[PDB]
Each structure stands twice: as C-alpha cells, then as structure tokens.
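Form deposited in one PDB entry, single chain, as structure tokens, below.
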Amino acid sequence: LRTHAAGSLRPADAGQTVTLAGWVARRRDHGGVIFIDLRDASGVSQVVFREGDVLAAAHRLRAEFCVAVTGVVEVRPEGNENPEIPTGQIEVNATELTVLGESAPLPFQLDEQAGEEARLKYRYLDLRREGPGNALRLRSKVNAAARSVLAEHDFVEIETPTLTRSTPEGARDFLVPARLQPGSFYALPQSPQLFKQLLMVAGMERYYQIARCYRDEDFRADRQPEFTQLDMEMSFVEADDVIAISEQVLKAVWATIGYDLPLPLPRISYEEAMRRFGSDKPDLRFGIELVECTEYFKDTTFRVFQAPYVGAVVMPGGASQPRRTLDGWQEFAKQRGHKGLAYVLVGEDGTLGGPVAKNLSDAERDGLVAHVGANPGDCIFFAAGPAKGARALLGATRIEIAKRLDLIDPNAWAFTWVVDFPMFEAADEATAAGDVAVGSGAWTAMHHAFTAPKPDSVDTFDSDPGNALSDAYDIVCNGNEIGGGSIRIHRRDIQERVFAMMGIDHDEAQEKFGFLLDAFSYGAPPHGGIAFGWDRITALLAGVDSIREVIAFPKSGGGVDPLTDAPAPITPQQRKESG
C-alpha cells in the first residue's frame, strides 16, 4: 500500500507521486482546503486536499483516523514552512484517499496525560503518544544491548519452566490447578533460581534468560504480579567475575541513552553503606552522611542518648528553619515507626539551641559542632536507639534533606555495588510501635537460602549466625536496587546446615528441595550469579518513576487489569475442572 515513510519526505522529492499510510494526527480547515498531519512510526508529513473528489472525501477525516493517501510532493508556499520538523518545507497535495480505519472521538487527546485508569483501559491509544511509545521502543533496544554483551562472552540463552512445584521458599506463589491431576497444583516461579543452578550442574557454564517472574504480594512499592528479570549464572567463578560481566551489561544498557558508563563501578560493604548512609541501597547523588556519636556520648547523662547507637545527620543552613515545619519533622519520624527525631540548632553565633543542647554536659556541648562537622546556621538531627532503626531513620532523613534543598542533580548517574552482606537477618526484631520485640522465628535469609557463606564464615555460620558474612552483592543506581546475586552453596551438607538455621529439618529439606540437594551429589561446580530488575532499569533509562510506564500492558494497584477487566470469576462449567 505505502510507498514512502511519512518522515522521509524532502524538497528533493518534489513532483513525485507518493503514497503514505498512517494516522491523522490533526485536521485543520481554512478556505475550502483541508490540512492534515499524517503520522506514522517514522514521523509526520502535512497532506493537503484542495480539489475534487479527494477534498469531498477528506471532510470525513478526524484525529486518529487510519488512512492511506496518494499525492504529489510540493514545496510549501512561502511563509508556510515548519522549521521545527524535518518534513517542514514540503506537503503532499492529495490525489487519492482511502479510509483504512475510522476513529471515534478520543477518550483523551494524545497531547494530554489522562488519569491512570483511563490510560490503562485505553493503553493502545496511550502508546500512540510520543513518550509511552518511545519507552517501549527503548525497552527493545535495552534487551538487545544486554544480549549482545552476553553472546560476546559465550553465554547460552536458556528457557526455564514457568509451571513448577510449589516450594516453601519466601513469598506467596501464584497457583495453577492441574486438570489431569485433580487436586494437584503447579506454581508460577518467583525466579528461575533453582533451574539456573541445575543448569550449572548440567555443565552449561554460562547461562542467561530474560525471564518472567511471578509474586503474589500486597502490591505496594510499585509492584506488578508479573515482572521481568535479566537472569544470569556462571560456573567456576568468584564474585569479581559476576561483577565484571554485570558491569559490561550495564555499560551497554546505558549506552542506549547515550551515556558512557565509567567502569569499574564503586563498591562498598553492607556495614559501611549502613554506617555512612543508613541504607543498603544508598543514594550517592549527594552527601549528608551519617556521623556516629555512640562513643562521643559514651559517658552521657542525657537519657535519650543512653542508647546502643547514637547517630547524626547535618542539614546545611537548617537553623534558619521555621518552627511549624520542625514539628512536622517529628511526624516524618513517627510515620515510619520511630518515636521521634532529636535536633540541635546551631545559631549564627555557633552557640547551641533546641531541647537537646541544655541537657548535654559542657564537654559534650563544646566538641559537638566539630564532631558532626557542622557549621553555624546548621540544624543537626539525631537518632538514638537500636542501631538498625536509628540508621534507617537517618538514612530516610538525609534523603528528605536532599529533596528539600535540591542537592540532587536529575541528570547524574551514581552507581555502587554493596558487597559483604550478612548471611542472615533477624526474623522479626522490632515492634510496629518502635520497640525491641521478643524474637519468635528462626534466622531468615538476607538474600536467599542458596547464598554461600564467605570462606571464614564456613564453620561458624550456624553457631554465630548474626556475625556470619556471605558472598552476596547488590548493584545500586541512584538509590534503587537494580540487581542482586551471590555465589551459591554447591554442597549438600552446607545447604542442610543453612536449612537447619531456618527451621527446616533434614526431612523437610529433602521433601521440599530434594531434587536440588540430590543434584549436588553428582559433581556440582562452584557457581554464582545475579538477577537484574529489568523493569526498574528500563524505567530509570526512560526517566519515569513507575515501572508501569515501561510495560506494554501493566496492571494497576491490586493486580486489576483495566484493559481486559481481569481477574474475573469463572463459569461453574470451567470450575468443575478440577479443584
């Protein structure tokens, strides 16, 4: 049908018959003449209807009509040129017109952003808009960039099952009843973790898959019921090898938006990340680091600071703050499961004000500004109490400071690996009210149960779990965790010991993960890997906050599908097969 791309027409094309196919972006009438912009994937040419049957037929045209037009390229009359677009100095004088597909009046115009429900219900229209459409095209280039790096390093692309055994690993599975086995269920996978490890036992050596993953969560934190991971695994490797290839993937991926990524990326320990930034996904686009004051307040008589941790965060020029917003700081603190946020105001003199300053000793008041590296005019925030909660509060406080003061360059890309993760977290340590709760559950995995201990934690990890370190690693971009992996356990005895920690008996381990444990009986290799949050990465590259903007047909909060009205009840006929 089509002879030319709409965006390809130039002065050089004058006098030639052309045929374009696409959409009417707009129509405007002046004199007895009809003017349209004809849009296709390659861009836009103006098309005019001046005389005869074509003109009569063009009276039918409206925004988003799908059409084919035939006409003669002409240079636009003097003064009509559109300098802004590549087609700007031509137009097509239409000769023939066929309406391929009529459009009704639009639920929203394409130069408008509608509410979420409307954009999803009419996502086929939303994707005609420049931004949404380009996001999806970007995603395609992103995939290809990753694959090209992986192929260059001899990775094998392997598809893994999505109908699996329901395993008692963390998080709720989506279930699928089996017609041919009344009462039995498949589960959709959370990750291909177990499969990729089996592929290592299989001798595949270097595996990747851009894989669909499924998790039935309470769907906060910008979650989707199904999401995409770039999954990788390698045999005979240490962490450095997984990091080096990951970094090659990241460089090619960022090249897609014309950013040259400087390698290698910074690395920081979990304990250093937590100490310096109060977060294991630290945002390094600005400073405002935590300063420890525990030892500084060792001999204090101020009750609030008689705690196992005291930490500070300095707000630049924050003394000049008005009091109404200082009360909200307390609300900010409470909204997060914390009792409050103490503060010391450093007035223009260098002298300390606020409800804290008077309670400190002369010796404490004195060396304070220096210790926290504050300057006159600043507001120093303090958090005391159990270290994890106090640090998290200070980590959240520095981010809020950076928002409020614009320390945060919207063009910058700041990456880091977080390495040397503890092997375990404490199951449920703090009350919702903010206190230390009585520990019920066993130890829980920091990343996952299949994560290896570091060599000098091998003998100790089940006797001294809280201090045990792992070969796990996260990669962080602008305060977002964009990927995570680890060196795996590849011995049965070590994997059972880990399971014992988690309240999984020898018999329970064999019943639930036996297929993995037995595979380790047949010459399993050292192996390790990583998984990237592909939707997050694509969202960051497109410059949007929500991953919904980079999925073709996403769900909205609650797993509701405005496009198809899924999920929906089924018939009783379908139900009798067979659960």
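Superpose the two forms; the largest set of C-alphas matching within 1.5 Å is the rigid core. Throughout, we count residues from 1 along the sequence that is shown.
Same protein, other form: the form deposited in another entry, not shown, and the subject of what follows.
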Core-superposed between this form and the one not shown, the one of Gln113, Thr431, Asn134, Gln181 with a C-alpha shift of 2 Å or more is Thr431
Core fit, then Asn478 C-alpha moves 2 Å or more between this form and the one not shown: no
Do you see a C-alpha shift of 2 Å or more at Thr300 between this form and the one not shown, with the core held fixed? yes
Under a superposition restricted to the rigid core, does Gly287 display a Cα displacement of 2 angstroms or more between this form and the one not shown? no
Taking the shown form as the reference, report whether the CA atoms of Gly439 and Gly278 lie closer or farther apart in that other deposited form; the distance changes by 3 angstroms or more. farther
CA-CA separation of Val436 and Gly278, closer or farther in that other deposited form than in the form shown [shift of 3 angstroms or more]: farther
